[PDB]
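So here's one chain in two forms, each on its own in structure tokens, numbered structure 1 and structure 2.
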Structure 1
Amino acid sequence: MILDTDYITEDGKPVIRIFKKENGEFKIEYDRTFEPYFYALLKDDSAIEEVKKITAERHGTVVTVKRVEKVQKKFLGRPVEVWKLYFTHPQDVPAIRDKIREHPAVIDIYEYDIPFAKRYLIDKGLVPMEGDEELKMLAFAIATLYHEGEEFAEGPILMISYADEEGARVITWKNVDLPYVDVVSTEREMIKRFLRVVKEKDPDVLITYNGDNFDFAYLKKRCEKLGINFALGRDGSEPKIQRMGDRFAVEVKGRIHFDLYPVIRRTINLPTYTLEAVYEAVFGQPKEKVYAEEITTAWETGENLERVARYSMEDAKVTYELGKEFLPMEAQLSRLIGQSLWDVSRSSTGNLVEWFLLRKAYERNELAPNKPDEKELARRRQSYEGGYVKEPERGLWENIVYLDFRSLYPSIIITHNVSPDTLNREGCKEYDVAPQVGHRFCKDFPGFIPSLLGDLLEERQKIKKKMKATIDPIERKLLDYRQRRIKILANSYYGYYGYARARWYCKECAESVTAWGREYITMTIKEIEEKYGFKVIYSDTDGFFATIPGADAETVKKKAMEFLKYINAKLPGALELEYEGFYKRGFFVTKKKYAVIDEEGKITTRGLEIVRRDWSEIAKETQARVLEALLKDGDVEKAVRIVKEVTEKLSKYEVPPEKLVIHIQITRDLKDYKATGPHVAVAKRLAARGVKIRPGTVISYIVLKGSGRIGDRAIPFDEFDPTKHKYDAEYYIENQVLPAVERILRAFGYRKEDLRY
């Protein structure tokens, strides 16, 4: 199993390293034969002799073109002849590439910005994380001595905890009477012991939570101060910090540093991403939080250190547990994308698609288009029409079916061969024309992206069928993650086409996909009403809800299945409408906002405040109780009684302050805000206290009793003290509860006059 690749430099020459785990044995393979390169498109041939002359400088010495090779490659489906330029060292490429593009004779250059070690994985057809090799894993966390202001890492590390299959332990340098605590004499000896532990356990994966930006940088600063060689790498190296945007990421050579924080935030949507919040979300069990100030007071007063050690132990324990949950999924993602688990775990959707496509392009001799320059980026700013959304029939409905397209946008892409290399091709025998927008797509040959996407959808179906007859529960799970990631990958192509930064950007393709989508959904709606007497209650992009106005449940169901037979015979190729589900009742508030209930009693909610992480728990809970009484019992009265009991409790100040907290993310640098709403007002005051606020920080605030601008009465919930300040019962009644439930009850005629207290 390949874990990762990198290179080093020996006498000015690059040496690839392949990090592997085979039969339980760590191994490093070395390759001294791989030559860096890029491509150049010239206007003639006699221009190559001049171009080889081109040179630059980096490390004092001169940079030159090692050798040149004329090759034939497809570009956007059309054959092209390009000059491949080889160099001695990968860093030669950034140094000389601009001057070689500057040359009058060179039209363009390509594939000049692919990191050498990823180029190697691609060109050699190597795939990380293949096979069934069990990886040894180790989580760790630290507890530090924090003081207001100071300097980062001015205080010592107080404890280091770790956890794996053998359990969780804490290393510390004060006596703590707990069986999982190992006591040493100083900070230096505690770190040294942790190094020894890592070295003895020899894990393939080190799991942290935010280790990319806290844990490793803390250790690094302390290790310099204490004169420690922090040689976590399997090659004796120290952890390597890389800049990644405005933050950082940390590699440990020969190992995989798996920071759960970027994985979790991209994978689940939570109102906050503290480790306690994530543990509870994923596993449904609370985890106690111990705050910095208590840690510090405990250590400085020598009192109550057991609480601190237990907290530190639990950090490591749950980090290991979250690691076991998420690492298998990311390992399947690494294998699917063909890049290291380290990279893939820290990548966005867009980047994952590009790496997948770069590899497929190499396999098919397809030259990669470049990332857009500034002038091209500006030209990529126009938008286009998206999904079709019907104005809904507001109200409470019974016996409704949801019918939806299976993989609408991928279906369209493959059925109509929608690709930048098939767009407006000249001299083809057959074409498909996008409705409304009119782009023509050649059908004579499979398009680059359509063919890949067809392979993906077919592999996913084969996996799903194998999964049913797989006895081994573990293997079944792995197949589940693989099939799960293929679906997310397949569903990213539409968006990628419209992504201005994408190499295979194609606006005409993006808008032809949505045009076709609108056509098929609207055609299907027209037919079900006109031909089968259904009434379409609500439709958004790729499915709709419908019922037969006066009909029975069995009638709507049976007639739905009949309509599917009818319509699927009319739909071309891979397009397919399916019977998603039957729902006894549904309530449709507005576009994008509804809730439905299946026969078993499960309630599915879309867009409503219940599912928004920026509304108070009291509003959400109350709306969910109103909807349950309506959907589950069709009992309007009981609903109104629920709202009245809630407004009374708020009026009396009986509602737990915790349920009043509003969580809103800071989306930008605090200086960039044009206007300042409450969460911004709060964030600014915290910055002013020296609290750090970066984009992505979640502000959790409560509105205090008072009048005027809400932002002036809002405070961080942690500063809330019931003895000093009362919450604003009026705000939560008038701005949270009533608006959310009111928009539902207006359909039964009830006023906002009602119901109050």
Structure 2
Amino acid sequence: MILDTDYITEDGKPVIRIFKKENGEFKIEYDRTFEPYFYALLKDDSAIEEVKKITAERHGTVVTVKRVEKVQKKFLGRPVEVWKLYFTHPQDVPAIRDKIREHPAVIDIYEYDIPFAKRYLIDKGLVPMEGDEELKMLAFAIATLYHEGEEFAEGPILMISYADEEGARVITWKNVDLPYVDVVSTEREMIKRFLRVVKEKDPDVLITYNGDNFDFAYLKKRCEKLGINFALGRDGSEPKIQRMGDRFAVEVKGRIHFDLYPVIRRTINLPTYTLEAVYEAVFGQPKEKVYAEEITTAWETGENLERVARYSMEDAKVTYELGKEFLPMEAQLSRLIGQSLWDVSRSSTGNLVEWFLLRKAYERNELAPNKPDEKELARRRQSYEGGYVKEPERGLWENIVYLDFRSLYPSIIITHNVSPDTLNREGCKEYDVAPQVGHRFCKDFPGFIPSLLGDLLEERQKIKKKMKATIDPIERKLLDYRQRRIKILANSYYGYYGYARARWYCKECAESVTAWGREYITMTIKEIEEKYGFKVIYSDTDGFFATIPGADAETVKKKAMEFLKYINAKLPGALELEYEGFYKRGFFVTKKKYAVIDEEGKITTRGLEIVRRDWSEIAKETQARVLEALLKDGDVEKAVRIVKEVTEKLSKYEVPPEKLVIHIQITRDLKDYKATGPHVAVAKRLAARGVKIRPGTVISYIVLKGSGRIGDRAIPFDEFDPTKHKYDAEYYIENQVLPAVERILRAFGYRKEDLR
């Protein structure tokens, strides 16, 4: 089973390393035959002689073109002839690729920005994370001495906890009388002891939570101060720090540094992403938090170190339990994409599709389009029409059925061969024309993307049948994750088409899918309204809520099934409509915002303030509370008697502050921000102090009694002290609760005065 790839240099020549684990044994494979390359397109072939005489410099030595070879490739489904350019070392191509392009006789170059190690996996058809090899995982965390604003890693590391299948233990250089604490003499020995345990356990995966940005960076600065070789790597190396945009990413050679924070953020949507929130969200059990303050004072005074040691221990134990829950889902994502778990667990959805396509393109001799230059990129700032959102019949409804398309956009991409290499390709005998936008799509051969998207959905359905039959827990759990990851990769092709940074970007393709999506949903609305007497209460893009106004719960169901058989005869190919479920009641406040309860008594909410992170728990709780009543028993009076108790409770300050927190994300550097609302205003003062604010930082603030603009009266919730601060009941009644609950009740005629 392959883990990662890279390369080193031996006397100027690159050497690929393949890190694998075969039957419990770590192995390094070496390959010195792999030669880097990119392609060139010329006006004349004779120009190859002038480009072979091209030169640049890298490290004092001249870089030349080693070898050339003329190949026929397929570009966007159309035959092209390009010249393959070989070089000695991969670092040669960034030193020289610009000069080939700048040459007059060179029209363009291609496949020049593919990292040598990522390229090795593709051209050799190698797939990481394949097989059932049992990987040894090991989590670790650190506890530090933090002060006001004294520069990063100024203070010492107090404790290093690590957890695995054998348990969670803590290393520290003060005497703590706990059985999982190992005592050493100094901070240096605490780090030496940690290396010793890692080298012993020899883990394949090093699990962290934000080690990309804190743990490894702290250990680096500390080890530089204390003269320590932090040789966590299986080849004796120190962790390499590779920058990715603003952030940083850290790898440990021979192992896989699994940082959980990037994957948890892209996999789950939570108001905050503290280790305590992620744990309770996934496992339904609360994790207690000890703050940097309490740690610093417990160390300097030597008291309550038992509590700090327990916290650091729980930090390692949960990071291990969380690594076990999410590693298999990212192993299958690595198997599917064909890149290492290190690369893939830190990749955006758009970047994931591109690596899948580059592998496939190579499998099919398909030359890849470049990334848009700065200028062509600007052309792609144009937008198109998106989904359809019907003007909803607001209010409360009963006996509702939700009907939705099954894989709307992917089915459209396949049914109509929506693809840049089939878009307006002349000479075909059959075309599918897209409503409104007009684009014609050839259908005499399957297009590049639809073919792959077709092969994926067929792969997905085979997997589902395979896992129902098998009676092996392991095989099923693996297949389940693979089946789940394909559904996600399939639903990313539309967003990819309109993603201006994509190589296979096709604005026409993306708007053809939306146009088809609009035609099918609006056509289906009209068919169920006219041919079957339904009333469509709502519809967002790919589905709709409908009912007969006055019908039995059984009549609406029966007619719903009978209607599904009717339209699915008329729908072409993969386009299918399915019965999502029946709901006894449901409220619809406006477009994008509603909530429904099924039969069994299970609520589900969409778009409402209950879902948003920028609303207090007291506004989300009570909004859920009014809905739970009138959806379970339709009790209008319970919906008002419950608000009137909360507004009084808020007036009498009896409501705990932990339900008054507002969480809004910082989306850019503070220096940019044109308008400074409450969350950035908090960020700014924080940034004026020591703490650094990067795009993605989630600010949790609270509002204290005051006047004027809220930002002045806002503080971070960590600094809230009930003895020195008083929260603004009126803001949370007039801006949080009452606005959220009124919009619902502005259907029984209730008016804001009738509630407070």
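Here, a residue number simply tells you its place in the sequence of structure 1, counted from 1. Each form is matched to the other, and the largest set of C-alpha atoms that superpose within 1.5 Å is called the rigid core.
> Out of 70, 725, 27, 52, I need the residue that shifts by 2 angstroms or more at the Cα between structures 1 and 2, core superposed.
Single residue meeting the criterion: 725.
> Taking the rigid core as the reference frame, is the Cα of residue 475 displaced by 2 Å or more between structures 1 and 2?
Comparing the forms between structures 1 and 2, which are aligned on their rigid core, residue 475 does shift its C-alpha by 2 Å or more.
> With both forms fitted on the core, give yes or no for whether the Cα of residue 689 moves by 2 angstroms or more between structures 1 and 2.
Yes, its C-alpha moves 2 Å or more.
> After lining up the core, report the Cα displacement of residue 461 between structures 1 and 2 in Å, one decimal place.
Looking at the C-alpha of residue 461 between structures 1 and 2, the offset is 1.2 Å.
> Keeping the rigid core fixed, work out how far the Cα of residue 100 travels between structures 1 and 2, to one decimal in Å.
Spelling it out: core superposed, C-alpha of residue 100 shifted, distance 0.4 Å.
> By how many angstrom is the Cα of residue 151 displaced between structures 1 and 2 when the rigid core is overlaid?
Once the two forms are fitted on their core, the shift reads 2.2 Å.
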